[PDB]
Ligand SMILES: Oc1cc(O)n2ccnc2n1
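A lone chain, given as structure tokens: the form solved without the ligand.
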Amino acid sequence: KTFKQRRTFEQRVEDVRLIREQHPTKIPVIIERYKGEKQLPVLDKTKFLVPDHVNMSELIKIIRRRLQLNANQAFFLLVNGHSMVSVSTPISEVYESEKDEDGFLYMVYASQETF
């Protein structure tokens, strides 16, 4: 079901290395719905190339537009299993401190602050 489950560590690593080669200015992001989530829909894909100059505040807007949410639906985004300390941080910086050992940046969203 989950990305890490579908692909071998060998396969996730080799894909991050191809994204470096072919989208060198992009951050490789895995974005997944909380497995408990009742309200928000599932995304159409799992793997996103994010421009490395966008801050986390702008990534949340992007995903809220991809889900086609409206202004009073709630949305919470975990990065590497934990809350974001700040939405002002550029994704290139977040990536360097929160990336996984396979080289993807893992994110999970829910309508409740409790995942």
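Just so we're on the same page, rigid core means the largest C-alpha set that superposes within 1.5 Å between forms. Numbers for residues come from their place in the sequence shown, where the first is 1.
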54-62 against 74-82 - segment lying farther from this form in 9 other deposited structures of this protein (CA RMS, rigid core fit): 74-82
In 9 other deposited structures of this protein, rigid core aligned: more displaced of 20-28 and 7-15 by C-alpha RMS: 20-28
Between the two ranges 61-69 and 31-39, the one averaging a larger CA B factor in the entry: 31-39
Top residue by Cα temperature factor, when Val54, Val79, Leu49, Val85 are compared in the entry: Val85
Chain thirds of CA B-factor: placement of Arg20: highest
Chain thirds of CA B-factor: placement of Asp102: lowest
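Quick note: we don't show the form deposited with the ligand bound, though the next part is all about it.
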Contact label in the deposited complex: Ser88 to the ligand, heavy atom within 4.5 Å: no
4.5 angstroms heavy atom contact with the ligand in the deposited complex for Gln39: no
The ligand contact in the deposited complex: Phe76, any heavy atom under 4.5 Å: yes
In the deposited complex, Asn70 touching the ligand (heavy atom, 4.5 Å): no
In the deposited complex: members of 80-102 within 4.5 Å of the ligand, any heavy atom: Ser83, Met84, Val87
